[PDB]
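Undergrad: Below are the structure tokens for one structure; questions will follow.
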Ligand SMILES: *[C@@H]1O[C@H](CO[C@H]2O[C@@H](C)[C@@H](O)[C@@H](O)[C@@H]2O)[C@@H](O)[C@H](O)[C@H]1NC(C)=O
Ligand SMILES: *[C@@H]1O[C@H](CO)[C@@H](O)[C@H](O)[C@H]1NC(C)=O
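This is how it looks when you write it as structure tokens:
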């Protein structure tokens, strides 16, 4: 069943029921205008709107253009019969298209049902129609028949492509916001459509070209219908409730009014810009209005002005407002049904839902402004089908939304000249001249802090009882049909219906052309530096903005100097074709570049050119940009820092019931539930603030990146075309070059770069959200949790205390996880948030790492990282920090005071890699010295050391102390914990236990539940305190703190990640290095050392022991290691300029005998699988297999060497075979068929203390 | 007995008795080498080769106790079973178990094998003397028997003379962790079973005892052996109940006073002689040790700076030394002691130490590379920043200066000194008699013993040993003759066996007491030995006459 029945053409007679001359209300006297009814209470008037508004009597453009991004003005539109018929067909087709959709069907049914309320009677016990909510259709006989209607569609006013929904007001009553409702006249035109540009679609169609998409008129008509539906039930927000912004700064939009009504109508992302408190206020206000009108309906008992019985009218209004009578004629509202109706009219009917149902493109947010005016034709079915629209099926327009792309579907949209000039509303920026005008619609959107309000501070009292397409489909089944208010005979009114439109608030004109004087080159300056005029003279690229803005015929570019040198070079025809291909290759190379440094937290893909592209942070070096990025987080991208402040959350007042057993458990359950509700509400408020104030800037930066890339591509294309133009005719025809393919490939390269830029910006936005916004709310929530826990425990103070205490302790000890999926519905951002949550390090609280010649807290919780003047950093790997026993060899960490909560350190983890040299002096015995301190007022946790012991101490105010110790002996042949890197992690849970793991294996655990008040601290002291030994020192690196207990799996994952398996390691655990002599030790036989025997072909190398003994009585006794012939590793094919060896490197091995080097080689032709190794003079024969590939992974198994032949055949793993009595060294292929193939490199170290005799 | 004596007199002395005398002197040689290998080989085998200087233990002596049982088990049995069969079995078991002892790993099994070998051989001497006593002429009986004695002494001499040639290195007993080489003790044990092996080869031809055979019965066999002996001489000249009652019949019966006096004399001689024979080498070793200990150099407050040591320093003690930046390379430490010495960055290379011991020393920054200075050589020492690299395996001693060759050479001279003193008793026992000789020799040896207090020197000690041994062999010979001549042929083997067992018991007593009283006093063991000799030589007169 179609919506509009029996299509009307235009020139059908004046019958009087479906096509007739009508007289709408107006200020004075108006000639009757032919209007056609398309459905119940819906009329269309194919005429220009010059009747309702007496001021709008002219069709010429006004002298002062409106604050509008795009607008088309016309005078001859809709003046001919063909134009009116085309308008009618377009409107009817759009109505049918909306009606087909289930959501559209519900919207049209609701609009038809919702007639305006009859409140025109002065006496309170009567119902009378509003005189301004009705029309007069004049019959051909001569008299008129006054009729009541709901919607009217009129062609647009002077502004052709300005669509709005007007209403006729009353003298005292606000019909559109008090629930009474009033008729809505929509100014809509289907022949014209705004055009936008979309740059976030490549995720589905990478083959797509440029943007320039055309808005589907069905969506616009749906938006107007939603406005009419809101105003028909009288629940529209007052127009003065407007989303105010700031305009003083130079980076702010001069003026952009957006009422709360538009935010409600847009829905989706836009509707989140209004906090929950204002939604609650509006819902309560409109509930009170509905109750008031229900009471008014109840009181009245008489009706004047119509034949129809009163009971029918009361039933009509009851089914419109979903009132609930109780068989006694007593109408009343119920909260459930009104909540359902309000949610349907506010949240279900939204433009985003219509976009999803129609499956068409639209601007996801109102910030993505329109750009052009497109004249379109809707009547023919070959251009716009009823079911699909511009995306016609079974054609090339079916996929990738090619039906809405103006550059593919050119024949369907005609571009028009919009009257708002590109520089009509601008801001004039310049430095201390070169002043540039920047369009107002190309500036950052900065909402004020007034629009966000909180009721968090206000307290709450608890008593016994204190409490998606599938959802749309469920509403569709639940919806009621088949009941549409039947047409009612109304006694005819006066010939002229006097009535004035609803009064609108006055909008002051924002000032134009404000002059700003700054001290730096802003991003708009860089963007306007890259533009040019497509002039006749040659255009040359340059790297100096100070000259690009000054000289019109020279364009700035952020690419490398080689590219600008190339594109500026005069090339003959014989090399032109090669030149173009080289140019496109360099374009792809520069745009697709990425940043290797990844130690950053989820900013893995850093795009360097962005720095010089916009002058981000006011540095013009890509390396400087990456350094500043790593140093300062995602703050440098933001133009202005949002100010987020959560008030102290209110307390929970618990009522006590006398001698009751069930209600108290209900109070406890209610308290826990409301705790969860408070957590969710604070998280939602923070998400709303972040979406309103942060993501908009990132989106603008993304759009500006796209614009800059387009500008660079256009500049290169213009240079190429100008060079082509210079040739002679024979040169052009012999050497043929076309522009379309070049443009297509440059566009594809731009898209390829744009994917990476989008990923980087999404990662930055999510990182900022989870780093600089969430903690400020988590602190408040957990402080509130601690405050509520004591009140609950006091409240428990019948016969069920133990279970309740366990429940409350376990409930409030932990925290509710933050999952973004419950607050936003953006797939692209949710994927990156899941990636952020995946890594454990990203959720750490303190993440001290050395990056870009600075020791910084990558988790951004620390305020001051103070470094002493006697703290050493290893030059090869600067992460390893060496701390001495000096008063000035300390590191201090001062955390942010507004992030640290009092009840921290209840469930938390710590992890660090530590290297402790051997204990030499006898003073070290029975001497405990703190190496990490976080105690204030004798309370907190400290990591201390002792003779062969690592101690973790937890102490409370009452002087109670709990210690967990890990003890390793020094009197062993070979030790895995003496002067070797060990990964110590400690996990404390206040409820059950505190445990310490060494190298990812549980070592010790002890209860801590007896402790009292462990009052948290703020400073962290990396300093050796109380150590009596004067030369004592330690190595510490990769310190990390976590705000939750860590299970064994996470500990093992941390050990695997931080181990850095890509780099082979020596005995002590450092990085293996080239051109360094290491002694060799075999793990299979650690009691024997490698020795050489008659260097040359006829000699070999074997293993002989025992190693020996190094002793200090009463202190230590360890087998000597600096024994045997030293091995050095000379590079062979490593392209890296550093001397650090890595996995699968190919290397040469030299053995030192009598301070002379011999290459480690063998002859592989000898019989048997075993190939005994030998040492040969470096001027040897290259035919012998000598190249050794070093491996450290299979799971990692130490450091293994694999002898390879010169032809790539694998001779096999190095190792030892007991070839007769003498245990020789061999390259065996048995070891390749996986011990004895695992080795350890022992370099001379100053922490071991053995003298290499 | 008259007819047997007359026919034996008519048979005379010729080829057969000489051949038998040789094949029995072989067994007496075996007895002598057993006494040597028990008294001067085992007691030096338990020594510590590692200690360049060691004492003397007597663990092996227990085999002497075993000899006792043999001298009563294989000694008294022969009188009830036979003389050729018992000697054959005894020497056969001795030879077999000695050869088995040669192929033995471990000290315990070797000592058990030596004990059973002693069991076998301890019953040889009574049987050989009783055997040869029933073959020689009655008138010319004292001479030839006396001659047999020399073989006994020769045994020790031979056992000594070869010993220093084969095993002049103590500690070969308590060491089984060594390689299959160093088996000089193995070949020595193999070759010490040579005389018994040749005697076993020889005894197949010799016939049984004619007098004993006649005593048992089968007088035709006795007549046959008498005829064979006569023909050889002409051609040349041209049951344990019964045995225990038999032993009791030798003591608590008609033979009561004679056996008591004989037992007293045998105990006295086997006490004094077997005490002094082992006392003398011990005394000479103690004299050498004292001469060594006199030249001990005490060092106090030294400051040795930057000195490289290349030679050998011996017999020194250092106290409060401060050895700074020294260097000991390829040298020998001999009997040198360190106390309270403070080393400093010293270097030890290829240093070989013997009996040196570090005490309370502070050893700092040193290197011990290629050395045998093990942990046990350090007593209450504090190392500082030191190291212990490759270390020579096994202890090392300058065996050239660690050979107790003298202890075997002295025994050789002591056993040799009796040869001139035995002939003057062989061709004399038919003139002075059989009781004046024993008493006179005992008293003269006692007088010589009382002169030993005067002497204190190496030459003096060896001279006194030679004199005493020379004048204490006629006593043994006269004792053998008087103890083989008294008892009849039905009790001779048993009584000789019990007397030999008592002799071995006295050997144990003397070789324990005298060898223990070294370095404590000299007049006590000498006075005790002189008293024993005087008592024996005064009691031996109160014996029945046999002439
Ligand atoms: C062990 O010696 C201790 C200190 O004596 C040192 O004196 C120096 C002067 C030098 O000789 C070092 O070699 C010494 O070690 C002393 O206090 C102890 O009491 C000594 N112990 C004993 C029981 O001798
Ligand atoms: C003593 O030292 C010197 C100097 O090195 C050396 O030539 C000599 O061989 C050493 N003495 C001995 C016996 O080796």
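Protein chains in written order, with the authors' numbering: chain B, 1 to 432, 452 to 486, 495 to 824, 831 to 1227, 1231 to 1270, 1278 to 1296; chain A, 92 to 329, 370 to 678.
Note that beta-carbon positions come from the ideal geometry of N, C-alpha and C, so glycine has one too.
#1: In chain B, which residues lie less than 7 Å from residue 521 of chain A when you measure between Cβ atoms?
#2: Suppose you measure from the CA of residue 223 of chain A to the CA of residue 159 of chain A; what does that come to, to the nearest Å?
#3: If I measure Cβ to Cβ from residue 212 of chain A and keep anything under 8 Å in the same chain, skipping five residues before and after, which residues do I get?
#4: Starting from residue 561 of chain B, trace the beta strand (DSSP E) in both directions and tell me its first and last residue.
#5: Got a sec: does ligand 1 put a non-hydrogen atom nearer than 7 Å to the Cβ of residue 491 of chain A?
#6: So which of B:321, B:602, B:557 and B:431 has the shortest CA-CA distance to residue 507 of chain B?
#7: At a cut-off of 7 Å, would you count residue 1196 of chain B as near ligand 2, judging by its Cβ distance to the nearest heavy atom?
#8: Indicate the three-state DSSP secondary structure (helix, strand or coil) for residue 389 of chain B in the structure shown.
#9: Does residue 651 of chain A pass the burial test, meaning 16 or more other C-beta atoms within 10 Å, or should it be called exposed?
#10: Compare the C-beta of residue 516 of chain A with all C-beta atoms of chain B and state if any pair is closer than 8 Å.
#11: Taking DSSP's pairing of strands, which residues face residue 942 of chain B in a bridge?
#12: Would you please verify whether the beta carbon of residue 1144 of chain B is less than 8 Å from any beta carbon of chain A?
#13: Within 8 Å, do at least three Cβ pairs link the segment 1042 to 1054 of chain B to the segment 840 to 857 of chain B?
#14: Could you have a look at residue 1157 of chain B and say whether DSSP puts it in helix, strand or coil?
#15: Cβ of residue 1296 of chain B less than 8 Å from any chain A Cβ?
#16: Compare the C-beta of residue 498 of chain A against all C-beta atoms of chain B and say whether one is closer than 8 Å.
#17: Could you check if residue 333 of chain B is buried or exposed, using at least 16 other CB atoms within 10 Å of its CB as the buried criterion?
#18: Using a beta-carbon distance cut-off of less than 8 Å, what residues from the segment 1019 to 1050 of chain B approach chain A?
#19: Taking 7 Å as the limit, tell me which residues put their C-beta closer than that to any heavy atom of ligand 2, in chain order.
#20: Compare the beta carbon distance of residue 212 of chain B and residue 197 of chain B with 8 Å and say whether it is the shorter of the two.
#21: State the start and end residues of the unbroken beta strand (DSSP E) segment that holds residue 404 of chain B.
#22: My output table needs one value for residue 46 of chain B: the three-state DSSP class, helix, strand or coil.
#23: My assumption, with CB atoms under 8 Å, is that residue 1263 of chain B sits in contact with residue 1248 of chain B. Please give the rounded CB distance.
#24: Cβ-heavy atom distance between residue 471 of chain A and ligand 1 below 7 Å?
#25: Check residue 591 of chain B in the structure and name its three-state DSSP category.
#26: Taking Cβ positions only, does residue 957 of chain B come closer than 8 Å to chain A?
#27: Distance, Cα to Cα, residue 96 of chain B vs residue 135 of chain B?
#28: Assign residue 1012 of chain B to buried or exposed, taking buried as 16 or more other Cβ atoms, counted over all protein chains shown, within 10 Å of its Cβ.
#29: Check the Cβ of residue 513 of chain A against every Cβ in chain B and list those closer than 7 Å, keeping chain order.
#30: For the alpha helix (DSSP H) that contains residue 272 of chain A, what are its first and last residues?
#31: For residue 532 of chain A, which option in A:260, A:461 and A:658 has the closest C-alpha, if you only look at C-alpha atoms?
#32: Residue 207 of chain A to residue 493 of chain A, Cα distance in whole Å?
#33: Could you give the distance in angstroms between the alpha-carbon of residue 621 of chain A and the alpha-carbon of residue 278 of chain A?
#34: What residues in its chain sit with their C-beta under 8 Å from that of residue 650 of chain B, if we drop five residues either side in the sequence?
TA: Inspection of the coordinates gives the following:
#1: The answer, in chain order, is 1141.
#2: 22 Å
#3: 121, 122, 125, 158, 161, 181, 182, 185 and 287
#4: Segment: none, residue 561 of chain B is in no beta strand (DSSP E) and carries neither H nor E.
#5: yes
#6: Comparing Cα-Cα distances from residue 507 of chain B to each of B:321, B:602, B:557 and B:431, the minimum goes to B:321.
#7: no
#8: strand
#9: exposed
#10: yes
#11: B:1020 and B:1075
#12: Contact with chain A is found for residue 1144 of chain B, since one of that chain's Cβ atoms lies less than 8 Å from the residue's Cβ.
#13: no
#14: coil
#15: yes
#16: yes
#17: buried
#18: none
#19: A:439, A:441, A:442 and A:461
#20: yes
#21: Premise fails: residue 404 of chain B is in no beta strand (DSSP E) and is neither H nor E.
#22: strand
#23: So it is a contact: roughly 5 Å between Cβ atoms.
#24: yes
#25: helix
#26: no
#27: 24 Å
#28: buried
#29: Close to residue 513 of chain A, with beta-carbon spacing below 7 Å, are these residues of chain B in chain order: 1146.
#30: Residue 272 of chain A -> no alpha helix (DSSP H), and no H or E assigned at all.
#31: A:260
#32: 53 Å
#33: 41 Å
#34: The beta carbon of residue 650 of chain B sits closer than 8 Å to those of 635, all from its chain and outside the five residues before and after it, given in chain order.
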